[PDB]
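Chemist: structure for this input, please:
(4 chains)
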Amino acid sequence: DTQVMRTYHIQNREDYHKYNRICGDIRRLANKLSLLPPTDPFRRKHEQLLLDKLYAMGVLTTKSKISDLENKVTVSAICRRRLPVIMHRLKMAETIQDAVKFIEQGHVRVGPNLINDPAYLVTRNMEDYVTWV
Amino acid sequence: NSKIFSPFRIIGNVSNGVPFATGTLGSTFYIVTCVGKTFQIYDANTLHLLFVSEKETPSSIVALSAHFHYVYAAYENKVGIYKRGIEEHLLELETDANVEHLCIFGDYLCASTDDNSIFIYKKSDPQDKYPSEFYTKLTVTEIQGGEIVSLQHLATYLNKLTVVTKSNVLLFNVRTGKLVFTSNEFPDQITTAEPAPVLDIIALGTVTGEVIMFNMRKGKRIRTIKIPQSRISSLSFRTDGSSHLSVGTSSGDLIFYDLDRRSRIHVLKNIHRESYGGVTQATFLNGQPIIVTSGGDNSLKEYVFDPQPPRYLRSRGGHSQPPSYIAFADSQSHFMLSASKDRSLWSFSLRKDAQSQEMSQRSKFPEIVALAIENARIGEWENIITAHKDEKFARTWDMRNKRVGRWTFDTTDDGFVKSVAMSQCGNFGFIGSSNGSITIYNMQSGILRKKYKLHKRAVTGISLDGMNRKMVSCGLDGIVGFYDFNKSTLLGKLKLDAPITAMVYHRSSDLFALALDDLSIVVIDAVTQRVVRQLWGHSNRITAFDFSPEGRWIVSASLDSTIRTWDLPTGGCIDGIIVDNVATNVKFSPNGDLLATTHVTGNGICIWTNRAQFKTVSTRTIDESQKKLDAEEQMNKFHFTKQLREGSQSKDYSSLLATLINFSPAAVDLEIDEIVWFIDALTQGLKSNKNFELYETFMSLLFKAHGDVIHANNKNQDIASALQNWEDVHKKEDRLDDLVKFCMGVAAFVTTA
Amino acid sequence: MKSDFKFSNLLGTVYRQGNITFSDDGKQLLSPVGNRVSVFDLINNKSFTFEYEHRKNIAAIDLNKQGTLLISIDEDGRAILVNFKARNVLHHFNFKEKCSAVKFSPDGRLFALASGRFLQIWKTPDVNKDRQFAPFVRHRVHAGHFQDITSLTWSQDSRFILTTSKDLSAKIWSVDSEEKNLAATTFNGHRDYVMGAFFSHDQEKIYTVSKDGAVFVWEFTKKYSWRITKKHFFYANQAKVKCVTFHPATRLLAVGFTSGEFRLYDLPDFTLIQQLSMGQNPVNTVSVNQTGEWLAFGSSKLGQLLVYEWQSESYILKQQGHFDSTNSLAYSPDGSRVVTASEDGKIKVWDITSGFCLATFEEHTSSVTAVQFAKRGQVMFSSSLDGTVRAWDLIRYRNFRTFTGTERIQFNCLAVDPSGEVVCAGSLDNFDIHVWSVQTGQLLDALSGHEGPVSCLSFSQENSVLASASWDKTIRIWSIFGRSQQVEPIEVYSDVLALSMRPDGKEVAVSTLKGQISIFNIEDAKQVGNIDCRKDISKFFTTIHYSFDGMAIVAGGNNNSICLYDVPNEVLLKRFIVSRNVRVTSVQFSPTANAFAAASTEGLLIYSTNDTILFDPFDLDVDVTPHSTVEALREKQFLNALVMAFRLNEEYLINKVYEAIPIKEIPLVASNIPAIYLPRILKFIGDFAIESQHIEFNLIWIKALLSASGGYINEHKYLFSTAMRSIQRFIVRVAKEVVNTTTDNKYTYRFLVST
RNA sequence: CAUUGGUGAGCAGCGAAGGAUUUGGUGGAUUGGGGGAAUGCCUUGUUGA
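Modeler: Numbers count the residues shown, from 1 in each chain, chains lettered A, B, ... in the order given. Dropping the coordinates below:
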């Protein structure tokens, strides 16, 4: 539990509860949409669109099967969509700590806008445009 | 009496030299200080202006003394009893002699006169609010004692009254009127008396530096202290256990003194102006290491013994001498910039606090003769430009940090700086020297930039239009200059009739006003290099003037004690105000609300309120020495019977058409014979050349509602005669449509082509 | 232009919380926003008083007995006084604590404020001039209570104060130290929390209401004292009575709910008259007119930003919208209607000259990014984040087409030709630009030319040139209607987001990636780069617009500021928004040359060129009297009255010198006017026309002038463009009146001939 | 050869009987998802007093 709270420089303790509720909604959506006859194109089409939008959200960066929806969607996946982890893994800063130290005091820029929030999220297609000021 | 400006308030006032007094509001304290014919009530701990009195006295305030809520002030023979700055009661001495001092104890009012007579007032009930009932009148014969110094009252002396003379002490029994005690003749004249926290001791400061701890029961000295060359003005007791004493001099120097180890510890040095009389009153509060200082120099300072010397804790003050030049700093009427002749520099607020801040100059600097201000680049570098008397370099100033600039500005011709000016963008510094050179600096990097020289006497004023394109100037040689600022090209100049003493530019209307030596105000256009007006009437020297913010008015003031206002479109003087003291300077606020005057006597800055609610006036001189609503309203998306029959008799349908045009959309009322008189009413409607836009709607709604009874199944009854009466006049009104087709199509063609 | 531009309107009504009340006149609506106070008049909504000393965004508001005094209270406890036209008469920090309610007398003598655990009543100042440092005088104060005072009620005697308290109780106060009936007797027994009390206007029924729906009735028997008369117990209604107001008709009750519905009742009958639903969003407060004819109730900030006006015979008088933070604005070709784009995905039309909320369109699935009119006045194209664009015509209210066709989730910039043939949209996440013929939605081409996200697009009035600014330091120019394509330039600097076109096809304005805003022509001669965008309470360049006369541009970023510039270098004027916690996101320029717009997160537009300022155009005062010399030229020389009194500019003169000259004189006047005194009078007629009823009179003027100098305004364009638009809207809005009704008396005479 | 980085001694100039850097306290104004029962609970029916 608090392993996740300490790995990714979470400024709070509430954020693990919130992302736990969102991932719970995704799992119960997966189970309810799972229990249909598998030739019903309702199930195929809606699980397909759920796959494609979860491609775009960067959570399932891995190209996926259906059964990954039970398997990989955790809190830590969406926590790896937080800004300084994108910053570190894009090899700008040196630690996650120092990335959060830079976003606390305004040197980081996504697009044309200043950022000062350590809970802004990035897509799989907005992270091309990250620079400094 | 005035038709533009109204007397609003004075700002910048802290003290005048009258002794302040301390009051108790529950557990905290307040201070009662005099200014003139108006007093102020401050916090004792954090120094906020808590009250200003509502109404000025006829004459100057002499004695001030207070109780739990009741501030008592003195003038000619009247005692003003006020609460919260508002009068409860006016209680007058039955004489004409001037009131000197007041002592208020128990239920009595003790009123000293200048003729050595004292009046005694009483309450009715011991739970009443103030004394108002006469009790008696005592006198001081000069065979019993000299002139009355002051009035005090020592505690637990039932009905005894302490009246000290310049020689001896008279102790009275006011209920009976007796003189129960007289003291023997003292060597030196007494100027200071003060009660003690213990019984029966009263302190006496002599004319020389002698302190006398006198006892009232036995009548003998206990201790005296000699201070060489000191005129004692004030005594008080720090009763926080630390039994000390302060002794005030007339020099502004203050002796903080230890009474049992017998130690000269401290002296405050020109904390109050010896020129203004030095320390007027110094008082300890009861029970805290706090002493309050006020003098004649328009400032209160709190000195507290940090637990051992005291310390400057917090204070409020202003220019001790009356001001020389002011300016408005903001476009929101908040902070004003003020410079005087006692060489200080203060930035005041205008708002309800009356907090203010003296600038940072970091033995004072020479006084300012020419000031200029811009508020375009605040916070980044300096934006205030000041000259000085008999100097050759103009200093700069920051409005943000309240601190002095970092640049000195040279004339480069060995003259005196006679005029300063800034552009609108705040990049440039214009300086005009008394030998006639106009030099131009950067305001950012403090560097020399550019130099012009056309005038051959002292350049008395420079300005620049808001577009930074055309540069105007004026000399003592009657020459007005007109330049390009983008180039160094020499565009055009004018010869006039007199030397020019002042120049104030108005930027959003592109005019300027010049004050000549022939006592006339000339108004000159800036664009076409042309004189447009010349105004006469001030009998003496024009001193200061300013444009109103919307550029319609000019207000000048002069040594004929007149303050006149001059409407530019009519060329005529619209109002003068004839005052009793002649104001040095005047400026409009950038908002259209406030007019600022600075005077010769007194230190404050008087503020005037522009009325700006109305007027239609132009009066003069010398005196005492909808159309969518109905047409959208008709399409519905979701008695009166006397008049039409009286119109059945004659042609009275104008009142009926008035009750049609008045109110009540009558789509149900025209449905409750009579239709013929309705159509004749309508033909009287078209007969006049008005309100056709409602009338056509009446006609068409009539053909919407009753259109079957109009039709009569098979027409040409007497209905159709009234329709025939409507037809030809409706053919008369056919003309207006083709004009609309003409303008619509031709305007469409000039839109296309 | 030099004029004093200042706020005297706002963009849509209620964004924020507060009280609400009418005037005593019944024709003036008092409906604040959080930041300022917007008092409409009920017929033809306009804007009267505009205070701003509010540092905090809540109001408490009431007028005395004729509307000559208005207050407004925010959270801190300072108030501000205005009389009729926002003089800002008095100003007064009143309290270090907040206020719950403010109430006048019907007599204007006493003054009522509820705060803390006390109750303040003040002696009211009359209207005068200023000259009071502290104008308010304390009359009495009353101690005490047990906790907070939440509602307040005044009586007709001006002797009798009924006030509730937070501790489930009510109290009575005699004003003039009378001790009315020698009793200030409490009211108890209430099981639940008290939301209000009322005193009836016949002095015999004392009224209380609780939060549950309970209502308790006490009598004026003071056997001897208070007895209950009618009780209730509600357990199944299961909401909370949020607000309550009582009729001056003294027969009826009004009860507002958190559940989102509107209750009406009778006082001693307890009959259910009507209840009405409007949503689920809670009712904040409700107040009735002084005659019971009109009802108005306000809705809370997080819920509806909507205030309705329902009558007792059940029809809604004023309905409205006014939703949240705004993306985009554009002026219609008639200078009267203004589109808005909201975040929740609607498109609303605002008639901001008159305060109506006219009409809506709702087909968006998410937020709207771009709106712009076509020059025909027929159609307007909306762009979304829906992944498609669509067309709209005005009062046919019908969707023409919805262009899309490549797989896409984001569009960001929409622009059309003046020709109405082709519509282009720029994908924020494709490196390409899309066109569509409006005939079909056929795809002509896909014009591949960029290397970054394309982010701003506009056309020209020459209409052979496409201006294409992408976010890769590269400005591009395109040909669409020839038989080839083109070479596209390179910027020097600083990634651009904001592009703005001159209406000539000859000038292009760009916003560089800092405070420098720069311009260059279509032969890339860079004229000016201009200095930063100040006023922090980082720096940006978001929107920019070229004014219509061709002499000014307006810059707006996201830093509480907006700047004016001319074609040369100079900073003209910087206006700005004061409030406390982006603001600006879009700015465009009116075709009436009277004002322009700035889309803010608050929502605030107007600039309003006025004429109260003394301008001296051509040596005004050599014409020494504006009165007597003009009086000489009303008797003689009517050519010289125009040139004389026209150099003068008292608006209180132009009505009479313009009216008084005779009809036959007019073509002689217009044939002999100078060509330099022409545009200010052509602009004067175009805005004086819309007010009066002198249609024949002004129409023979515009016949004379437009008949006079047609070729001169044909060649000397771009000012009589603005004036000509201003007169053409008057021509069409009168033509569609009198042609309609003159037709409606053109059928009649031959309809008589029928049978 | 690059008045190239570190370091020290002098000179022109600027100022005069004190100058340059650094820091503490103090006052004024501003700032949860998937499964499950015994046991327990909840709901409902019942059995005897």
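
Chemist: once you drop chain neighbours, what's closest to the closest residue to RNA strand D within chain B?
Modeler: For chain B and RNA strand D, the shortest gap (CB to the nearest atom of the strand) falls at residue B:314, measuring 3.2 Å. Heads up, the C-betas are built off the backbone N, CA and C, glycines and all. Among residues not flanking residue B:314 along the chain, residue B:302 sits closest, at 5.3 Å (CB to CB, 6 or more residues apart in numbering or on different chains).

Chemist: which SS class is the one you found?
Modeler: Here residue B:302 is recorded as strand under DSSP: H, G, I helix; E, B strand; the rest coil.

Chemist: pretty sure it contacts residue B:313?
Modeler: Yes. Taking CB atoms under 8 Å as the definition, residue B:302 is a contact partner of residue B:313 at 4.3 Å.

Chemist: for residue B:401, see how far away the residue in the stretch 351-500 of chain B that chain A sits nearest to is.
Modeler: Closest contact between the stretch 351-500 of chain B and chain A, by CB to the nearest CB, is at residue B:379 (19.5 Å). To residue B:401, residue B:379 is 9 Å away according to CB to CB, to the nearest Å.

Chemist: and for residue C:397?
Modeler: 60 Å.

Chemist: ok so, going back, and residue B:302 and residue B:313? Which one has more around it.
Modeler: Neighbours of residue B:302 and residue B:313, each counted by other CB atoms under 10 Å in any protein chain shown, are more numerous for residue B:302; the result is 20 against 13.

Chemist: show me what contacts the nearest residue to residue A:130 once chain neighbours are set aside?
Modeler: Among residues not flanking residue A:130 along the chain, residue A:110 sits closest, at 5.3 Å (CB to CB, 6+ apart). Contacts for residue A:110 were tallied using CB atoms under 8 Å, 6 or more residues apart in numbering or on different chains; they are A:83, A:120, A:122, A:126, A:129-130.

Chemist: just the buried ones from the residues you listed?
Modeler: Among these, those buried by neighbour count (16 or more other CB atoms under 10 Å in any protein chain shown) are A:83, A:120, A:122, A:130.

Chemist: from these, which ones fall inside strands?
Modeler: In strands, defined here by DSSP state E, the members of the buried ones among the contacts of residue A:110 are residue A:130.

Chemist: hmm, which two among the buried ones among the contacts of residue A:110 are most spread apart?
Modeler: Using CB to CB, these span at most 10.9 Å, a distance reached by A:120 and A:130.

Chemist: tell me how many other residues surround the residue of the stretch 351-500 of chain C found nearest chain A.
Modeler: Closest residue of the stretch 351-500 of chain C to chain A, CB to the nearest CB: residue C:497 (6.1 Å). Applying other CB under 10 Å, we find 21 residues neighbouring residue C:497.

Chemist: backbone phi and psi for it, please?
Modeler: Backbone geometry at residue C:497, expressed as degrees, to the nearest 10, gives phi -130, psi -30.

Chemist: how long is stretch B:640-650 end to end?
Modeler: Using CA to CA, to the nearest Å, one end of stretch B:640-650 lies 16 Å from the other.

Chemist: centre-most residue in chain B?
Modeler: Nearest to the centroid of the C-alpha atoms of chain B, with distances taken as CA atoms, centre = their mean, sits residue B:607, at 2.3 Å.

Chemist: contacting residues around that residue?
Modeler: B:8-11, B:350, B:594-597 are the contacts of residue B:607 under CB under 8 Å, 6+ apart.

Chemist: surely residue B:3 and residue B:615 touch.
Modeler: Yes. Counting by CB under 8 Å, residue B:3 does reach residue B:615; the two are 7.0 Å apart.

Chemist: who's more crowded, these two?
Modeler: Higher neighbour count among residue B:3 and residue B:615: residue B:3, with 14 against 11, using other CB under 10 Å.

Chemist: what is the neighbour count of the closest residue to the more buried one other than its chain neighbours?
Modeler: Residue nearest to residue B:3 in three dimensions, not counting chain neighbours: residue B:575, with 4.7 Å by CB to CB, 6+ apart. Number of residues near residue B:575 (other CB under 10 Å) recorded here: 21.

Chemist: show me the contacts for residue B:575.
Modeler: B:2-4, B:564-565, B:619.

Chemist: now tabulate those residues in JSON lines and tack on distance to RNA strand D.
Modeler: Shown next, in JSON lines, are those (distance: CB to the nearest atom of the strand, whole Å):
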{"residue": "B:2", "distance to RNA strand D": "33"}
{"residue": "B:3", "distance to RNA strand D": "37"}
{"residue": "B:4", "distance to RNA strand D": "32"}
{"residue": "B:564", "distance to RNA strand D": "38"}
{"residue": "B:565", "distance to RNA strand D": "35"}
{"residue": "B:619", "distance to RNA strand D": "44"}
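
Chemist: top of those by neighbour count?
Modeler: Ranked by the number of neighbours (other CB under 10 Å), these place residue B:564 first, at 23 neighbours.

Chemist: quick check: bridge partners of it?
Modeler: residue B:556, residue B:576 (DSSP bridges).

Chemist: from residue B:515, how far off is it?
Modeler: With CB to CB as the criterion, residue B:564 and residue B:515 are 13 Å apart.

Chemist: the closest residue to RNA strand D within the stretch 551-700 of chain C and residue C:537, how far apart?
Modeler: Going by CB to the nearest atom of the strand, RNA strand D is nearest to residue C:580 of the stretch 551-700 of chain C, at 8.5 Å. Separation of residue C:580 from residue C:537 (CB to CB) stands at 8 Å.

Chemist: and the residue nearest to the spatial centre of chain A, what element?
Modeler: Centroid-nearest residue in chain A: residue A:78, 2.6 Å away (criterion: CA atoms, centre = their mean). Per DSSP states H and E, residue A:78 falls inside helix A:75-79.

Chemist: does anything pack onto that helix? Which helices or strands?
Modeler: Applying 3 or more CB pairs under 8 Å, 6 or more residues apart in numbering or on different chains; DSSP states H and E, we find helix A:75-79 packed against helix A:2-7, helix A:14-34.

Chemist: need the ones you listed in CSV (columns: distance to residue C:464 and mean neighbour count).
Modeler: Compiled in CSV, these are given as follows (distance: least, CB to CB, whole Å; neighbours: other CB atoms under 10 Å in any protein chain shown):
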stretch, distance to residue C:464, mean neighbour count
helix A:2-7, 60, 12
helix A:14-34, 53, 13
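
Chemist: out of those helices, flag the one nearest chain C.
Modeler: Closest among the helices and strands packed on helix A:75-79, using CB to the nearest CB: helix A:14-34, at 19.7 Å.

Chemist: show me the contacts for the nearest residue to residue B:530 once chain neighbours are set aside.
Modeler: Leaving aside its chain neighbours, residue B:530 sits nearest to residue C:619 (6.2 Å; criterion: CB to CB, 6+ apart). For residue C:619, the contact set (CB under 8 Å, 6+ apart) comprises B:525, B:528, B:530, B:532, C:647.

Chemist: please redo it, this time with the cut-off set to 10 Å
Modeler: B:525, B:527-528, B:530-533, C:647 (CB atoms under 10 Å, 6 or more residues apart in numbering or on different chains).

Chemist: among these, which two are most distant?
Modeler: Top of the distance list for those (CB to CB): B:531 and C:647, 16.2 Å.

Chemist: need the three-state assignment for residue C:750.
Modeler: The three-state assignment at residue C:750 reads helix, by three-state DSSP.

Chemist: relative to residue C:532, how far out is residue C:264?
Modeler: Distance check for residue C:264 against residue C:532: by CB to CB, it reads 58 Å.
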